[PDB]
Protein chains: 2
Amino acid sequence: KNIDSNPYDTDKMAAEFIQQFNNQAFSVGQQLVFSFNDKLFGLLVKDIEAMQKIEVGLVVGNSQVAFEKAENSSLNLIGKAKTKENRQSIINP
Amino acid sequence: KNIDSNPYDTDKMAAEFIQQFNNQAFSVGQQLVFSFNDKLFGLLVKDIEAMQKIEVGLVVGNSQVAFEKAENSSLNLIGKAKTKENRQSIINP
């Protein structure tokens, strides 16, 4: 009911996620609720990178977050955190 | 109702199928349920080959699985295998 195409900066979302979840654990595939600019979103932890692939880990201040739009969603995301724009050449590869 | 257009790779799901079903009994035409990333799939055994076609065989660590999306199934798979044929003449004896 709150879907919109308004822009959202992915790096800002990552910074807020780290700030609110600093020193808080996360496991691959975890489904949670995330607050960005008083806007609610559903987040699925797709991958965890060791700083080795581990199913679970602990969030720290320097951890990066890469936000990819869920397929079939109109959410508009911008920034270099995960993806902002992509092009698909017309010629067959 | 859980059907979705999100791509699925047969390699990952086949590796997990083996991990969760390796060193177990499998019969031709056997039906079971398989979990992959908290997603349930119905699997039907079509044809079995022994490392010789066997009615019942024991999946193992080195077991190989070729997965085919069911007929009239929107599942996206990066692999499948099914082959059989024959031929006749075009001159009455």
# chains A, B, ... in the order shown; residues from 1 in each chain; ligands from 1
$ closest_atom_pairs --of "chain B" --to "chain A" --cutoff "10 Å" --atoms "only C-alpha atoms" --output "tab-separated table"
residue	atom	partner	partner_atom	distance
B:4	CA	A:71	CA	9.6
B:5	CA	A:71	CA	8.4
B:6	CA	A:71	CA	7.1
B:37	CA	A:29	CA	7.3
B:38	CA	A:29	CA	8.3
$ calpha_fit_and_write --fixed "chain A" --moving "chain B" --output "mmCIF file with N, CA, C and O atoms, in the first residue's frame"
data_model
loop_
_atom_site.group_PDB
_atom_site.id
_atom_site.type_symbol
_atom_site.label_atom_id
_atom_site.label_comp_id
_atom_site.auth_asym_id
_atom_site.auth_seq_id
_atom_site.Cartn_x
_atom_site.Cartn_y
_atom_site.Cartn_z
ATOM 1 N N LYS B 1 -0.199 0.104 2.784
ATOM 2 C CA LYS B 1 -0.988 1.320 2.957
ATOM 3 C C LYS B 1 -0.154 2.489 3.462
ATOM 4 O O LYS B 1 -0.544 3.644 3.264
ATOM 5 N N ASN B 2 0.980 2.222 4.107
ATOM 6 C CA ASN B 2 1.862 3.283 4.574
ATOM 7 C C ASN B 2 2.763 3.828 3.473
ATOM 8 O O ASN B 2 3.511 4.779 3.725
ATOM 9 N N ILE B 3 2.716 3.249 2.270
ATOM 10 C CA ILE B 3 3.526 3.753 1.168
ATOM 11 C C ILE B 3 3.223 5.227 0.942
ATOM 12 O O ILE B 3 2.062 5.657 0.965
ATOM 13 N N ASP B 4 4.276 6.010 0.720
ATOM 14 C CA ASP B 4 4.135 7.445 0.518
ATOM 15 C C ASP B 4 5.249 7.928 -0.398
ATOM 16 O O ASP B 4 6.270 7.260 -0.575
ATOM 17 N N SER B 5 5.035 9.105 -0.981
ATOM 18 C CA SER B 5 5.987 9.702 -1.908
ATOM 19 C C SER B 5 7.020 10.582 -1.215
ATOM 20 O O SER B 5 7.854 11.185 -1.900
ATOM 21 N N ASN B 6 6.988 10.674 0.109
ATOM 22 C CA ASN B 6 7.960 11.495 0.816
ATOM 23 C C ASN B 6 9.360 10.925 0.601
ATOM 24 O O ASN B 6 9.568 9.719 0.795
ATOM 25 N N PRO B 7 10.337 11.740 0.202
ATOM 26 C CA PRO B 7 11.660 11.194 -0.119
ATOM 27 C C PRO B 7 12.321 10.550 1.091
ATOM 28 O O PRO B 7 12.158 10.992 2.230
ATOM 29 N N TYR B 8 13.075 9.486 0.823
ATOM 30 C CA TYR B 8 13.871 8.797 1.828
ATOM 31 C C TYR B 8 15.315 8.729 1.357
ATOM 32 O O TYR B 8 15.580 8.491 0.175
ATOM 33 N N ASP B 9 16.244 8.939 2.284
ATOM 34 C CA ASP B 9 17.670 8.893 1.991
ATOM 35 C C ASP B 9 18.230 7.549 2.434
ATOM 36 O O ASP B 9 18.033 7.137 3.582
ATOM 37 N N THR B 10 18.928 6.871 1.521
ATOM 38 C CA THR B 10 19.506 5.574 1.850
ATOM 39 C C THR B 10 20.631 5.682 2.868
ATOM 40 O O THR B 10 20.898 4.707 3.573
ATOM 41 N N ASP B 11 21.296 6.835 2.967
ATOM 42 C CA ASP B 11 22.402 6.962 3.911
ATOM 43 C C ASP B 11 21.909 6.912 5.353
ATOM 44 O O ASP B 11 22.437 6.153 6.173
ATOM 45 N N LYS B 12 20.889 7.709 5.680
ATOM 46 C CA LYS B 12 20.372 7.730 7.046
ATOM 47 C C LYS B 12 19.796 6.374 7.433
ATOM 48 O O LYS B 12 20.079 5.844 8.516
ATOM 49 N N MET B 13 18.967 5.805 6.558
ATOM 50 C CA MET B 13 18.335 4.527 6.858
ATOM 51 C C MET B 13 19.368 3.410 6.939
ATOM 52 O O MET B 13 19.244 2.510 7.773
ATOM 53 N N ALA B 14 20.398 3.453 6.092
ATOM 54 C CA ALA B 14 21.463 2.458 6.169
ATOM 55 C C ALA B 14 22.257 2.594 7.463
ATOM 56 O O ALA B 14 22.631 1.588 8.076
ATOM 57 N N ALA B 15 22.535 3.828 7.889
ATOM 58 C CA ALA B 15 23.238 4.025 9.152
ATOM 59 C C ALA B 15 22.416 3.497 10.320
ATOM 60 O O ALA B 15 22.953 2.843 11.223
ATOM 61 N N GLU B 16 21.109 3.766 10.320
ATOM 62 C CA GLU B 16 20.264 3.240 11.388
ATOM 63 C C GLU B 16 20.142 1.722 11.305
ATOM 64 O O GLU B 16 20.032 1.055 12.338
ATOM 65 N N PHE B 17 20.060 1.181 10.083
ATOM 66 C CA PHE B 17 20.003 -0.286 9.855
ATOM 67 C C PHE B 17 21.221 -0.903 10.541
ATOM 68 O O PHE B 17 21.052 -1.852 11.326
ATOM 69 N N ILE B 18 22.411 -0.360 10.282
ATOM 70 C CA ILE B 18 23.666 -0.837 10.930
ATOM 71 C C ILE B 18 23.512 -0.670 12.448
ATOM 72 O O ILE B 18 23.651 -1.679 13.140
ATOM 73 N N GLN B 19 23.189 0.523 12.955
ATOM 74 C CA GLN B 19 23.080 0.718 14.399
ATOM 75 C C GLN B 19 22.201 -0.352 15.038
ATOM 76 O O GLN B 19 22.553 -0.920 16.078
ATOM 77 N N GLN B 20 21.054 -0.642 14.429
ATOM 78 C CA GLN B 20 20.095 -1.578 14.996
ATOM 79 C C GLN B 20 20.368 -3.024 14.609
ATOM 80 O O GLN B 20 19.643 -3.917 15.062
ATOM 81 N N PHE B 21 21.249 -3.281 13.635
ATOM 82 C CA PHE B 21 21.508 -4.657 13.119
ATOM 83 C C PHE B 21 23.005 -4.964 13.084
ATOM 84 O O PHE B 21 23.364 -6.039 12.562
ATOM 85 N N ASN B 22 23.850 -4.071 13.604
ATOM 86 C CA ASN B 22 25.329 -4.237 13.557
ATOM 87 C C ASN B 22 25.734 -5.335 14.540
ATOM 88 O O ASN B 22 25.029 -5.505 15.552
ATOM 89 N N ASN B 23 26.816 -6.054 14.253
ATOM 90 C CA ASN B 23 27.296 -7.167 15.109
ATOM 91 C C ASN B 23 26.160 -8.181 15.255
ATOM 92 O O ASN B 23 25.871 -8.569 16.407
ATOM 93 N N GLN B 24 25.523 -8.578 14.147
ATOM 94 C CA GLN B 24 24.429 -9.591 14.161
ATOM 95 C C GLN B 24 24.581 -10.527 12.962
ATOM 96 O O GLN B 24 25.291 -10.141 12.014
ATOM 97 N N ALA B 25 23.922 -11.688 12.986
ATOM 98 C CA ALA B 25 24.009 -12.695 11.903
ATOM 99 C C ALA B 25 23.094 -12.291 10.745
ATOM 100 O O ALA B 25 21.948 -11.892 11.024
ATOM 101 N N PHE B 26 23.575 -12.370 9.503
ATOM 102 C CA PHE B 26 22.778 -12.053 8.291
ATOM 103 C C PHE B 26 23.092 -13.101 7.227
ATOM 104 O O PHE B 26 24.289 -13.320 6.963
ATOM 105 N N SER B 27 22.072 -13.739 6.650
ATOM 106 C CA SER B 27 22.251 -14.780 5.651
ATOM 107 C C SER B 27 21.691 -14.316 4.314
ATOM 108 O O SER B 27 20.764 -13.503 4.258
ATOM 109 N N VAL B 28 22.267 -14.843 3.231
ATOM 110 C CA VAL B 28 21.770 -14.525 1.899
ATOM 111 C C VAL B 28 20.323 -14.979 1.789
ATOM 112 O O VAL B 28 19.986 -16.126 2.107
ATOM 113 N N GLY B 29 19.458 -14.075 1.335
ATOM 114 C CA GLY B 29 18.039 -14.353 1.279
ATOM 115 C C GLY B 29 17.304 -14.162 2.586
ATOM 116 O O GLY B 29 16.130 -14.538 2.677
ATOM 117 N N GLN B 30 17.952 -13.591 3.598
ATOM 118 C CA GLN B 30 17.299 -13.390 4.883
ATOM 119 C C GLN B 30 16.318 -12.226 4.811
ATOM 120 O O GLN B 30 16.596 -11.194 4.195
ATOM 121 N N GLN B 31 15.164 -12.401 5.447
ATOM 122 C CA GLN B 31 14.116 -11.393 5.479
ATOM 123 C C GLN B 31 13.909 -10.906 6.906
ATOM 124 O O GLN B 31 13.905 -11.702 7.850
ATOM 125 N N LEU B 32 13.738 -9.595 7.055
ATOM 126 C CA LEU B 32 13.575 -8.986 8.367
ATOM 127 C C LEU B 32 12.780 -7.694 8.221
ATOM 128 O O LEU B 32 12.450 -7.263 7.112
ATOM 129 N N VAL B 33 12.472 -7.078 9.360
ATOM 130 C CA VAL B 33 11.727 -5.827 9.420
ATOM 131 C C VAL B 33 12.591 -4.791 10.125
ATOM 132 O O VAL B 33 13.188 -5.079 11.170
ATOM 133 N N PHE B 34 12.657 -3.593 9.551
ATOM 134 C CA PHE B 34 13.513 -2.522 10.038
ATOM 135 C C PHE B 34 12.681 -1.275 10.305
ATOM 136 O O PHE B 34 11.798 -0.925 9.515
ATOM 137 N N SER B 35 12.967 -0.607 11.418
ATOM 138 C CA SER B 35 12.252 0.595 11.828
ATOM 139 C C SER B 35 13.144 1.813 11.635
ATOM 140 O O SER B 35 14.304 1.812 12.062
ATOM 141 N N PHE B 36 12.601 2.846 10.993
ATOM 142 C CA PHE B 36 13.315 4.102 10.779
ATOM 143 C C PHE B 36 12.322 5.239 10.967
ATOM 144 O O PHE B 36 11.378 5.376 10.181
ATOM 145 N N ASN B 37 12.534 6.054 11.999
ATOM 146 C CA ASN B 37 11.639 7.166 12.315
ATOM 147 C C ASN B 37 10.196 6.681 12.436
ATOM 148 O O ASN B 37 9.262 7.273 11.891
ATOM 149 N N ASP B 38 10.022 5.581 13.169
ATOM 150 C CA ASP B 38 8.704 4.983 13.384
ATOM 151 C C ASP B 38 8.052 4.593 12.059
ATOM 152 O O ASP B 38 6.845 4.759 11.865
ATOM 153 N N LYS B 39 8.858 4.068 11.138
ATOM 154 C CA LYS B 39 8.380 3.574 9.854
ATOM 155 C C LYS B 39 8.960 2.188 9.621
ATOM 156 O O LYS B 39 10.173 1.992 9.740
ATOM 157 N N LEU B 40 8.097 1.233 9.284
ATOM 158 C CA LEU B 40 8.490 -0.160 9.127
ATOM 159 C C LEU B 40 8.751 -0.476 7.659
ATOM 160 O O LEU B 40 7.988 -0.069 6.779
ATOM 161 N N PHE B 41 9.839 -1.204 7.407
ATOM 162 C CA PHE B 41 10.228 -1.603 6.063
ATOM 163 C C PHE B 41 10.639 -3.068 6.065
ATOM 164 O O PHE B 41 11.276 -3.543 7.010
ATOM 165 N N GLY B 42 10.274 -3.779 5.001
ATOM 166 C CA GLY B 42 10.702 -5.151 4.823
ATOM 167 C C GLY B 42 11.995 -5.234 4.039
ATOM 168 O O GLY B 42 12.087 -4.713 2.920
ATOM 169 N N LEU B 43 13.003 -5.883 4.619
ATOM 170 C CA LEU B 43 14.335 -5.974 4.036
ATOM 171 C C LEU B 43 14.642 -7.426 3.703
ATOM 172 O O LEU B 43 14.420 -8.317 4.531
ATOM 173 N N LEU B 44 15.151 -7.660 2.496
ATOM 174 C CA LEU B 44 15.554 -8.982 2.037
ATOM 175 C C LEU B 44 17.027 -8.944 1.658
ATOM 176 O O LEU B 44 17.450 -8.078 0.888
ATOM 177 N N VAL B 45 17.803 -9.882 2.191
ATOM 178 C CA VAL B 45 19.229 -9.951 1.884
ATOM 179 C C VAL B 45 19.396 -10.608 0.520
ATOM 180 O O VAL B 45 18.933 -11.732 0.298
ATOM 181 N N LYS B 46 20.058 -9.904 -0.400
ATOM 182 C CA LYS B 46 20.249 -10.382 -1.766
ATOM 183 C C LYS B 46 21.636 -10.984 -1.967
ATOM 184 O O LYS B 46 21.762 -12.147 -2.366
ATOM 185 N N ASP B 47 22.683 -10.208 -1.697
ATOM 186 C CA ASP B 47 24.056 -10.650 -1.890
ATOM 187 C C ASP B 47 24.922 -10.079 -0.778
ATOM 188 O O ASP B 47 24.739 -8.930 -0.367
ATOM 189 N N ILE B 48 25.865 -10.887 -0.298
ATOM 190 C CA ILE B 48 26.721 -10.533 0.829
ATOM 191 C C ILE B 48 28.168 -10.557 0.360
ATOM 192 O O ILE B 48 28.585 -11.494 -0.331
ATOM 193 N N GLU B 49 28.926 -9.528 0.732
ATOM 194 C CA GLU B 49 30.348 -9.439 0.431
ATOM 195 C C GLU B 49 31.127 -9.239 1.724
ATOM 196 O O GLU B 49 30.730 -8.448 2.586
ATOM 197 N N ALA B 50 32.239 -9.956 1.856
ATOM 198 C CA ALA B 50 33.065 -9.908 3.053
ATOM 199 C C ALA B 50 34.230 -8.950 2.839
ATOM 200 O O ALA B 50 34.902 -9.002 1.803
ATOM 201 N N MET B 51 34.460 -8.078 3.816
ATOM 202 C CA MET B 51 35.560 -7.120 3.752
ATOM 203 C C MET B 51 36.887 -7.838 3.525
ATOM 204 O O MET B 51 37.272 -8.711 4.304
ATOM 205 N N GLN B 52 34.976 -11.611 -1.393
ATOM 206 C CA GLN B 52 34.602 -12.941 -0.924
ATOM 207 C C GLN B 52 33.123 -12.986 -0.554
ATOM 208 O O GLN B 52 32.714 -12.445 0.474
ATOM 209 N N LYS B 53 32.324 -13.634 -1.397
ATOM 210 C CA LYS B 53 30.898 -13.771 -1.138
ATOM 211 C C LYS B 53 30.665 -14.902 -0.144
ATOM 212 O O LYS B 53 31.160 -16.018 -0.330
ATOM 213 N N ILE B 54 29.910 -14.610 0.912
ATOM 214 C CA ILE B 54 29.667 -15.545 2.002
ATOM 215 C C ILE B 54 28.170 -15.795 2.111
ATOM 216 O O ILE B 54 27.364 -14.868 1.979
ATOM 217 N N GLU B 55 27.802 -17.056 2.351
ATOM 218 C CA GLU B 55 26.392 -17.392 2.524
ATOM 219 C C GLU B 55 25.816 -16.720 3.765
ATOM 220 O O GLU B 55 24.673 -16.247 3.750
ATOM 221 N N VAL B 56 26.588 -16.673 4.848
ATOM 222 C CA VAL B 56 26.165 -16.040 6.092
ATOM 223 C C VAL B 56 27.335 -15.238 6.641
ATOM 224 O O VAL B 56 28.490 -15.669 6.559
ATOM 225 N N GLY B 57 27.044 -14.011 7.075
ATOM 226 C CA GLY B 57 28.085 -13.100 7.578
ATOM 227 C C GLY B 57 27.564 -12.247 8.712
ATOM 228 O O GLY B 57 26.335 -12.081 8.805
ATOM 229 N N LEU B 58 28.459 -11.701 9.529
ATOM 230 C CA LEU B 58 28.076 -10.912 10.721
ATOM 231 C C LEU B 58 28.195 -9.422 10.410
ATOM 232 O O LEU B 58 29.347 -8.945 10.295
ATOM 233 N N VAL B 59 27.074 -8.707 10.275
ATOM 234 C CA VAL B 59 27.108 -7.224 10.100
ATOM 235 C C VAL B 59 27.874 -6.693 11.313
ATOM 236 O O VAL B 59 27.786 -7.350 12.360
ATOM 237 N N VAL B 60 28.619 -5.595 11.184
ATOM 238 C CA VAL B 60 29.437 -5.013 12.292
ATOM 239 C C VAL B 60 29.263 -3.490 12.279
ATOM 240 O O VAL B 60 28.349 -3.024 11.566
ATOM 241 N N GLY B 61 30.055 -2.737 13.054
ATOM 242 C CA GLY B 61 30.000 -1.284 13.026
ATOM 243 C C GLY B 61 30.407 -0.702 11.685
ATOM 244 O O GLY B 61 29.773 0.231 11.185
ATOM 245 N N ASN B 62 31.465 -1.241 11.085
ATOM 246 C CA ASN B 62 31.964 -0.747 9.808
ATOM 247 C C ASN B 62 31.273 -1.393 8.614
ATOM 248 O O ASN B 62 31.632 -1.090 7.472
ATOM 249 N N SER B 63 30.301 -2.273 8.875
ATOM 250 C CA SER B 63 29.509 -2.953 7.819
ATOM 251 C C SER B 63 28.933 -1.934 6.837
ATOM 252 O O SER B 63 28.429 -0.900 7.314
ATOM 253 N N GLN B 64 28.995 -2.205 5.534
ATOM 254 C CA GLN B 64 28.417 -1.343 4.514
ATOM 255 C C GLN B 64 27.206 -2.024 3.889
ATOM 256 O O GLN B 64 27.236 -3.224 3.599
ATOM 257 N N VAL B 65 26.146 -1.249 3.672
ATOM 258 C CA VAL B 65 24.896 -1.762 3.125
ATOM 259 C C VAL B 65 24.517 -0.923 1.915
ATOM 260 O O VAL B 65 24.520 0.311 1.985
ATOM 261 N N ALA B 66 24.192 -1.590 0.812
ATOM 262 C CA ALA B 66 23.649 -0.951 -0.376
ATOM 263 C C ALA B 66 22.197 -1.383 -0.516
ATOM 264 O O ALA B 66 21.914 -2.578 -0.670
ATOM 265 N N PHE B 67 21.285 -0.420 -0.456
ATOM 266 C CA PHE B 67 19.856 -0.698 -0.464
ATOM 267 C C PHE B 67 19.275 -0.396 -1.838
ATOM 268 O O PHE B 67 19.532 0.668 -2.410
ATOM 269 N N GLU B 68 18.495 -1.338 -2.359
ATOM 270 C CA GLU B 68 17.822 -1.204 -3.643
ATOM 271 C C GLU B 68 16.319 -1.281 -3.421
ATOM 272 O O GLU B 68 15.838 -2.173 -2.712
ATOM 273 N N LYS B 69 15.581 -0.352 -4.020
ATOM 274 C CA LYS B 69 14.129 -0.402 -3.939
ATOM 275 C C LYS B 69 13.620 -1.622 -4.695
ATOM 276 O O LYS B 69 14.024 -1.872 -5.835
ATOM 277 N N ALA B 70 12.739 -2.384 -4.055
ATOM 278 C CA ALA B 70 12.247 -3.617 -4.650
ATOM 279 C C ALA B 70 11.642 -3.346 -6.024
ATOM 280 O O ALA B 70 11.244 -2.224 -6.351
ATOM 281 N N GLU B 71 11.587 -4.393 -6.840
ATOM 282 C CA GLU B 71 11.016 -4.263 -8.171
ATOM 283 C C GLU B 71 9.529 -3.947 -8.068
ATOM 284 O O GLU B 71 8.807 -4.532 -7.257
ATOM 285 N N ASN B 72 9.075 -3.009 -8.899
ATOM 286 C CA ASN B 72 7.703 -2.505 -8.842
ATOM 287 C C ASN B 72 7.410 -1.836 -7.502
ATOM 288 O O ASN B 72 6.279 -1.875 -7.010
ATOM 289 N N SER B 73 8.425 -1.220 -6.902
ATOM 290 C CA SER B 73 8.288 -0.512 -5.636
ATOM 291 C C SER B 73 8.412 0.984 -5.882
ATOM 292 O O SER B 73 9.365 1.436 -6.528
ATOM 293 N N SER B 74 7.451 1.748 -5.369
ATOM 294 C CA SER B 74 7.458 3.198 -5.510
ATOM 295 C C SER B 74 8.418 3.882 -4.547
ATOM 296 O O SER B 74 8.534 5.112 -4.585
ATOM 297 N N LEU B 75 9.098 3.125 -3.688
ATOM 298 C CA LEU B 75 10.037 3.717 -2.744
ATOM 299 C C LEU B 75 11.099 4.520 -3.484
ATOM 300 O O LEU B 75 11.676 4.053 -4.470
ATOM 301 N N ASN B 76 11.354 5.733 -3.003
ATOM 302 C CA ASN B 76 12.390 6.597 -3.554
ATOM 303 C C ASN B 76 13.661 6.411 -2.738
ATOM 304 O O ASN B 76 13.666 6.652 -1.526
ATOM 305 N N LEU B 77 14.733 5.985 -3.402
ATOM 306 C CA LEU B 77 16.010 5.743 -2.752
ATOM 307 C C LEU B 77 17.106 6.500 -3.486
ATOM 308 O O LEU B 77 17.086 6.622 -4.714
ATOM 309 N N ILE B 78 18.066 7.005 -2.718
ATOM 310 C CA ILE B 78 19.197 7.739 -3.266
ATOM 311 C C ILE B 78 20.403 6.822 -3.479
ATOM 312 O O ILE B 78 21.524 7.299 -3.644
ATOM 313 N N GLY B 79 20.188 5.511 -3.473
ATOM 314 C CA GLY B 79 21.267 4.573 -3.710
ATOM 315 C C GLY B 79 20.725 3.201 -4.031
ATOM 316 O O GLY B 79 19.602 2.850 -3.656
ATOM 317 N N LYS B 80 21.542 2.430 -4.746
ATOM 318 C CA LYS B 80 21.232 1.051 -5.105
ATOM 319 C C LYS B 80 22.438 0.483 -5.836
ATOM 320 O O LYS B 80 23.272 1.228 -6.359
ATOM 321 N N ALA B 81 22.523 -0.847 -5.870
ATOM 322 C CA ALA B 81 23.675 -1.511 -6.467
ATOM 323 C C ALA B 81 23.295 -2.925 -6.876
ATOM 324 O O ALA B 81 22.863 -3.721 -6.037
ATOM 325 N N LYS B 82 23.455 -3.228 -8.166
ATOM 326 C CA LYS B 82 23.236 -4.573 -8.685
ATOM 327 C C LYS B 82 23.867 -4.693 -10.066
ATOM 328 O O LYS B 82 23.502 -3.951 -10.983
ATOM 329 N N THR B 83 24.812 -5.620 -10.230
ATOM 330 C CA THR B 83 25.557 -5.721 -11.480
ATOM 331 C C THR B 83 25.899 -7.174 -11.772
ATOM 332 O O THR B 83 26.380 -7.893 -10.891
ATOM 333 N N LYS B 84 25.649 -7.594 -13.010
ATOM 334 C CA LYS B 84 26.066 -8.893 -13.523
ATOM 335 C C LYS B 84 25.753 -8.926 -15.010
ATOM 336 O O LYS B 84 24.779 -8.314 -15.458
ATOM 337 N N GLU B 85 26.579 -9.640 -15.772
ATOM 338 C CA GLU B 85 26.388 -9.694 -17.216
ATOM 339 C C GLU B 85 27.343 -10.712 -17.822
ATOM 340 O O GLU B 85 28.210 -11.270 -17.143
ATOM 341 N N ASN B 86 27.164 -10.942 -19.120
ATOM 342 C CA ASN B 86 28.045 -11.783 -19.918
ATOM 343 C C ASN B 86 27.760 -11.477 -21.382
ATOM 344 O O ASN B 86 26.809 -10.763 -21.710
ATOM 345 N N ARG B 87 28.596 -12.023 -22.264
ATOM 346 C CA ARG B 87 28.479 -11.746 -23.688
ATOM 347 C C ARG B 87 28.882 -12.971 -24.495
ATOM 348 O O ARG B 87 29.639 -13.825 -24.027
ATOM 349 N N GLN B 88 28.363 -13.040 -25.723
ATOM 350 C CA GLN B 88 28.629 -14.154 -26.625
ATOM 351 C C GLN B 88 29.138 -13.631 -27.963
ATOM 352 O O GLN B 88 29.409 -12.434 -28.104
ATOM 353 N N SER B 89 29.266 -14.510 -28.952
ATOM 354 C CA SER B 89 29.739 -14.150 -30.279
ATOM 355 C C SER B 89 28.562 -14.012 -31.238
ATOM 356 O O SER B 89 27.424 -14.368 -30.922
ATOM 357 N N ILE B 90 28.855 -13.486 -32.426
ATOM 358 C CA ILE B 90 27.841 -13.264 -33.451
ATOM 359 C C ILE B 90 28.314 -13.962 -34.727
ATOM 360 O O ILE B 90 27.917 -13.609 -35.842
ATOM 361 N N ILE B 91 29.146 -14.991 -34.564
ATOM 362 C CA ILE B 91 29.609 -15.819 -35.674
ATOM 363 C C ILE B 91 29.505 -17.272 -35.239
ATOM 364 O O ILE B 91 30.154 -17.677 -34.267
ATOM 365 N N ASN B 92 28.699 -18.052 -35.945
ATOM 366 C CA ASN B 92 28.559 -19.461 -35.613
ATOM 367 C C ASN B 92 29.916 -20.152 -35.726
ATOM 368 O O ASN B 92 30.632 -19.940 -36.715
ATOM 369 N N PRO B 93 30.308 -20.977 -34.751
ATOM 370 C CA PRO B 93 31.616 -21.646 -34.848
ATOM 371 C C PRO B 93 31.728 -22.583 -36.036
ATOM 372 O O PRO B 93 32.849 -22.907 -36.446
#
$ select_by_dssp --residues "chain A" --states "strand (DSSP E or B)" --output "list in words"
residues 9, 25, 26, 27, 31, 32, 33, 34, 35, 36, 39, 40, 41, 42, 43, 44, 49, 53, 56, 57, 58 and 78 of chain A
$ write_last_selection --atoms "N, CA and C atoms" --output "tab-separated table (two decimals), in the first residue's frame"
chain	number	residue	atom	x	y	z
A	9	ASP	N	18.43	6.36	-1.89
A	9	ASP	CA	19.87	6.18	-2.00
A	9	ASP	C	20.28	4.90	-1.28
A	25	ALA	N	23.35	-9.57	15.18
A	25	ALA	CA	23.63	-10.73	14.35
A	25	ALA	C	22.64	-10.86	13.20
A	26	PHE	N	23.10	-11.47	12.11
A	26	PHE	CA	22.28	-11.73	10.94
A	26	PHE	C	22.73	-13.04	10.30
A	27	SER	N	21.76	-13.80	9.78
A	27	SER	CA	22.02	-15.07	9.13
A	27	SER	C	21.48	-15.03	7.70
A	31	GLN	N	14.68	-12.78	7.25
A	31	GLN	CA	13.65	-11.85	6.80
A	31	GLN	C	13.37	-10.87	7.93
A	32	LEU	N	13.56	-9.58	7.66
A	32	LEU	CA	13.41	-8.56	8.69
A	32	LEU	C	12.73	-7.33	8.12
A	33	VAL	N	12.42	-6.39	9.01
A	33	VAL	CA	11.79	-5.12	8.67
A	33	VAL	C	12.81	-4.01	8.88
A	34	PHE	N	12.95	-3.15	7.89
A	34	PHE	CA	13.96	-2.10	7.88
A	34	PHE	C	13.29	-0.74	7.70
A	35	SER	N	13.77	0.25	8.45
A	35	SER	CA	13.21	1.59	8.44
A	35	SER	C	14.19	2.53	7.74
A	36	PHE	N	13.72	3.18	6.68
A	36	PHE	CA	14.52	4.16	5.94
A	36	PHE	C	13.64	5.37	5.66
A	39	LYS	N	10.14	4.98	6.30
A	39	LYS	CA	9.52	4.08	5.34
A	39	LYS	C	9.87	2.64	5.70
A	40	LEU	N	8.87	1.77	5.72
A	40	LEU	CA	9.06	0.37	6.07
A	40	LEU	C	9.37	-0.44	4.82
A	41	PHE	N	10.32	-1.37	4.95
A	41	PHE	CA	10.69	-2.25	3.85
A	41	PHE	C	11.01	-3.64	4.39
A	42	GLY	N	10.77	-4.65	3.56
A	42	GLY	CA	11.13	-6.01	3.89
A	42	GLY	C	12.49	-6.35	3.31
A	43	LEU	N	13.38	-6.86	4.16
A	43	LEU	CA	14.75	-7.16	3.78
A	43	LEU	C	15.01	-8.65	3.94
A	44	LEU	N	15.61	-9.24	2.91
A	44	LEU	CA	16.05	-10.63	2.94
A	44	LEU	C	17.56	-10.66	2.80
A	49	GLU	N	29.36	-12.21	3.70
A	49	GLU	CA	30.77	-12.29	3.34
A	49	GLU	C	31.62	-12.10	4.59
A	53	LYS	N	32.56	-18.09	3.37
A	53	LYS	CA	31.11	-17.88	3.36
A	53	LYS	C	30.52	-18.55	4.59
A	56	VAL	N	25.89	-17.42	9.23
A	56	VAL	CA	25.58	-16.42	10.25
A	56	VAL	C	26.80	-15.55	10.49
A	57	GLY	N	26.55	-14.34	10.98
A	57	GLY	CA	27.62	-13.42	11.30
A	57	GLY	C	27.09	-12.29	12.16
A	58	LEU	N	28.01	-11.41	12.56
A	58	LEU	CA	27.70	-10.29	13.43
A	58	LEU	C	27.95	-8.99	12.68
A	78	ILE	N	18.91	4.16	-5.92
A	78	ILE	CA	20.03	4.81	-6.59
A	78	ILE	C	21.25	4.71	-5.70
$ select_by_dssp --residues "chain A" --states "helix (DSSP H, G or I)" --output "list in words"
residues 10, 11, 12, 13, 14, 15, 16, 17, 18, 19 and 20 of chain A
$ write_last_selection --atoms "C-alpha atoms" --output "PDB file, in the first residue's frame"
ATOM      1  CA  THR A  10      21.265   2.691  -1.443  1.00  0.00           C
ATOM      2  CA  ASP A  11      24.353   3.912   0.427  1.00  0.00           C
ATOM      3  CA  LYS A  12      22.117   5.816   2.850  1.00  0.00           C
ATOM      4  CA  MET A  13      20.068   2.670   3.463  1.00  0.00           C
ATOM      5  CA  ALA A  14      23.257   0.695   4.118  1.00  0.00           C
ATOM      6  CA  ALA A  15      24.527   3.342   6.540  1.00  0.00           C
ATOM      7  CA  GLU A  16      21.235   3.378   8.451  1.00  0.00           C
ATOM      8  CA  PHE A  17      21.104  -0.432   8.485  1.00  0.00           C
ATOM      9  CA  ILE A  18      24.600  -0.606   9.968  1.00  0.00           C
ATOM     10  CA  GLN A  19      23.872   2.157  12.486  1.00  0.00           C
ATOM     11  CA  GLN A  20      20.697   0.510  13.789  1.00  0.00           C
TER      12      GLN A  20
END
